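Accompanying notes for the structure given below.
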Protein chains: 2
Amino acid sequence: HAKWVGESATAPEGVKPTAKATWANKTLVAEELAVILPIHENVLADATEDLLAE
Amino acid sequence: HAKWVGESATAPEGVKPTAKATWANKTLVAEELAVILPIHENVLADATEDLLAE
(Lines give C-alpha, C1' and ligand atoms only; values in the text may rest on other atoms or scores of the structure.)
Protein backbone atom coordinates (compact mmCIF):
# COMPACT_ATOMS: atom_id res chain seq x y z
CA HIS A 1 0.00 0.00 0.00
CA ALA A 2 1.06 3.63 -0.66
CA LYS A 3 1.01 6.44 1.97
CA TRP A 4 0.56 10.25 1.76
CA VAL A 5 4.03 11.95 2.28
CA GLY A 6 5.42 15.52 2.81
CA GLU A 7 8.34 17.39 1.09
CA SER A 8 10.31 17.75 4.43
CA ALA A 9 14.18 17.33 4.52
CA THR A 10 14.37 16.88 8.37
CA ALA A 11 10.89 16.12 9.77
CA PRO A 12 9.61 12.53 10.06
CA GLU A 13 6.96 12.64 7.27
CA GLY A 14 9.14 13.69 4.28
CA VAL A 15 10.45 10.08 4.29
CA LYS A 16 8.63 7.73 1.90
CA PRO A 17 7.59 4.27 3.17
CA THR A 18 8.99 0.84 2.41
CA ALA A 19 6.80 -2.16 1.43
CA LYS A 20 6.88 -5.81 0.19
CA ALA A 21 4.89 -8.40 -1.78
CA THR A 22 4.50 -12.15 -1.03
CA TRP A 23 3.70 -15.36 -2.93
CA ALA A 24 2.49 -18.77 -1.72
CA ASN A 25 2.02 -22.28 -3.17
CA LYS A 26 -0.91 -24.74 -3.64
CA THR A 27 -0.49 -28.39 -4.81
CA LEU A 28 -2.15 -31.11 -6.84
CA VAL A 29 -1.17 -34.60 -5.57
CA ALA A 30 -2.34 -37.67 -7.54
CA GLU A 31 -4.04 -40.46 -5.52
CA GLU A 32 -5.51 -43.80 -6.73
CA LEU A 33 -9.11 -45.15 -6.79
CA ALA A 34 -9.44 -48.90 -7.48
CA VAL A 35 -11.66 -52.04 -7.25
CA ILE A 36 -11.27 -55.74 -8.18
CA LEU A 37 -14.37 -57.73 -9.25
CA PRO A 38 -13.71 -61.55 -9.17
CA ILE A 39 -16.17 -64.07 -10.74
CA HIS A 40 -16.22 -67.86 -11.43
CA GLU A 41 -16.08 -68.89 -15.12
CA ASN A 42 -19.05 -71.29 -14.98
CA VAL A 43 -21.29 -68.40 -13.78
CA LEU A 44 -20.18 -66.43 -16.87
CA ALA A 45 -21.09 -69.41 -19.08
CA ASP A 46 -24.44 -70.18 -17.33
CA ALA A 47 -25.80 -66.59 -17.03
CA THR A 48 -28.22 -65.24 -19.70
CA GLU A 49 -26.60 -61.74 -19.58
CA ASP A 50 -22.98 -60.78 -20.37
CA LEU A 51 -21.78 -60.44 -16.77
CA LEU A 52 -18.28 -59.26 -17.84
CA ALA A 53 -19.94 -56.29 -19.57
CA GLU A 54 -22.04 -55.68 -16.41
CA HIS B 1 -32.78 41.23 -3.70
CA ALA B 2 -35.33 43.81 -4.96
CA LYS B 3 -37.85 45.66 -2.69
CA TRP B 4 -41.37 47.24 -3.01
CA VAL B 5 -40.50 51.02 -3.42
CA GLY B 6 -43.17 53.82 -3.01
CA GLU B 7 -43.56 57.16 -4.90
CA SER B 8 -42.75 60.31 -2.75
CA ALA B 9 -40.21 63.03 -3.65
CA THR B 10 -39.71 63.65 0.16
CA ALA B 11 -40.94 60.66 2.27
CA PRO B 12 -38.45 57.85 3.21
CA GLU B 13 -40.30 55.19 1.19
CA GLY B 14 -39.80 56.88 -2.24
CA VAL B 15 -36.05 56.07 -2.39
CA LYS B 16 -34.77 53.04 -4.32
CA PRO B 17 -32.57 50.78 -2.14
CA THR B 18 -28.87 50.10 -2.91
CA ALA B 19 -27.54 46.49 -2.79
CA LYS B 20 -24.39 44.30 -3.03
CA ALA B 21 -23.00 41.11 -4.67
CA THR B 22 -20.05 38.99 -3.33
CA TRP B 23 -17.63 36.24 -4.45
CA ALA B 24 -15.52 33.68 -2.56
CA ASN B 25 -12.60 31.35 -3.35
CA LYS B 26 -12.04 27.54 -3.28
CA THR B 27 -8.59 25.88 -3.78
CA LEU B 28 -6.98 22.78 -5.21
CA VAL B 29 -3.73 21.93 -3.32
CA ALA B 30 -1.52 19.13 -4.67
CA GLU B 31 -0.23 16.52 -2.16
CA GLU B 32 1.94 13.42 -2.70
CA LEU B 33 1.25 9.65 -2.59
CA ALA B 34 4.28 7.33 -2.61
CA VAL B 35 5.91 3.92 -1.89
CA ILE B 36 9.39 2.31 -2.16
CA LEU B 37 9.64 -1.45 -2.99
CA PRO B 38 13.14 -2.82 -2.08
CA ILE B 39 14.18 -6.28 -3.39
CA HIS B 40 17.47 -8.24 -3.31
CA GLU B 41 19.34 -8.66 -6.65
CA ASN B 42 19.88 -12.47 -6.37
CA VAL B 43 16.13 -13.07 -5.69
CA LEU B 44 15.38 -10.91 -8.71
CA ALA B 45 17.70 -13.10 -10.84
CA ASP B 46 16.65 -16.55 -9.50
CA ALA B 47 12.84 -15.99 -9.77
CA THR B 48 10.88 -17.34 -12.81
CA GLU B 49 8.63 -14.23 -13.02
CA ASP B 50 9.77 -10.72 -14.02
CA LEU B 51 9.45 -9.37 -10.46
CA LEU B 52 10.34 -5.79 -11.51
CA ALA B 53 7.27 -5.87 -13.79
CA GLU B 54 5.19 -7.28 -10.89
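Residue numbers begin at 1 in each chain, while the letters A, B, ... track the order of the sequences.
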A:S8: which residues meet the side-chain contact (heavy atoms from CB on, under 4.5 Å) condition with it, sequence neighbours left out? A:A11, A:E13
Only pairs at least two apart or in different chains count here, so list each salt bridge (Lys or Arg N to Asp or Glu O under 4.0 Å) that has a residue in residues 41-54 of chain B. none
Could you work out, with side-chain hydrogen bond (donor to acceptor under 3.5 Å, both in side chains) as the rule, every residue matching A:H1, not counting sequence neighbours? none
Provide the closest heavy-atom pair for A:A19 versus B:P38 in the form atom of the first, atom of the second, distance. O-CD, 3.6 Å
Any salt bridge (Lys or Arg N to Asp or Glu O under 4.0 Å) involving residues 26-36 of chain B? Give me the pairs, sequence neighbours left out, ordered by first then second residue. A:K16-B:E32
Could you identify which residues cluster with A:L37, counting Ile, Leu, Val, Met, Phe, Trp and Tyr as linked when any side-chain heavy atoms lie under 4.5 Å apart, either directly or through a chain of such contacts? A:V35
Hydrophobic cluster partners of A:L52 (side-chain heavy atoms under 4.5 Å): A:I39, A:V43, A:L44, A:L51
Please tell me if the side chains of A:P17 and B:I36 come closer than 4.5 Å, counting only heavy atoms from C-beta onward. no
